[PDB]
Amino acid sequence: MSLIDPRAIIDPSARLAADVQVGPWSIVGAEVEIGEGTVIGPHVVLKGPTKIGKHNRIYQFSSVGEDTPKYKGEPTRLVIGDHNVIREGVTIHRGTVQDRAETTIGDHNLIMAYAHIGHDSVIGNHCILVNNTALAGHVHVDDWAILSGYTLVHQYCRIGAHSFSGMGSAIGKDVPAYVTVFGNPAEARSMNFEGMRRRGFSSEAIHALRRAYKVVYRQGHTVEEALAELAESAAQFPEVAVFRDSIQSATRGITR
């Protein structure tokens, strides 16, 4: 009946909205802030400084807000947005504040059982990290990306918007927006046309993206050559600009 179970431990410094639910044997640690409509299951460990937004769901056996591995006492933070689902056994680490490297998760994400979000990672909105996906640290996952079960992501990799990885992919380089990748080591296969159609992209945009993939991957061009050729299409289609920008911001080279 009581929203906060009497068997839960709520640190005196934690700040909760009035309707937050916390299950039995859960720990809401010092410096944890939890927003309206959030439901914390039983057996959850929350550590701070962490901000959890509204209408989130965190399942049993999760450890959210764990320590970042420059100096002792350096402020760190984890920020989670709204309408996220964090399934059982998920581990999420905090990130450093002063260098703008906090760990941050946006809205409407689904982080499935035993997934791992390493320190300083940034997840956008509407992403899906399937069971046991592991982000080593400093990984950027843009909107609508889907990482299938047991995908591994090397530190500093960028996962483009609407990209997709096959199960067991081992990502060591950047994944451009819309690109589908598979295997260990991951290799580019195609584009996520299915995702584009579900998102309501025009047939013209999809056609421009199919041509864009060919320019980058099938016409023997260098990254510099491909970027120069994409400028025109990118200026005309915002979806092609999303693709072009992801190749431009690749620091680890692109997955091929």
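Basically, rigid core = biggest C-alpha set you can superpose within 1.5 Å across the two forms. Numbering starts at 1 and follows the sequence shown.
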Greater Cα displacement in 9 other deposited structures of this protein once the core is superposed, comparing 101 to 109 with 85 to 93: 101 to 109
Core-fitted comparison in 9 other deposited structures of this protein, 75 to 83 vs 174 to 182, farther C-alphas: 75 to 83
Unresolved deposited residues lying between neighbours residue 220 and residue 221: none
Average Cα temperature factor in the PDB entry - higher stretch of 180 to 188, 83 to 91: 180 to 188
Stretch with the higher entry mean CA B-factor, where the candidates are 53 to 61 and 193 to 201: 193 to 201
Which of 124, 168, 172, 73 ranks first by CA B-factor in the deposited coordinates: 73
Most elevated Cα B-factor in the entry, residues 216, 32, 45, 39: 216
Relative C-alpha B-factor of residue 159, binned into the chain's lowest, middle or highest third: middle
Among modelled residues of the same chain, the CA temperature factor third for residue 240: highest
Cα B factor band for residue 22 (lowest, middle or highest third within the chain): lowest
Position of residue 100 among the chain's modelled residues by C-alpha B-factor, lowest, middle or highest third: highest
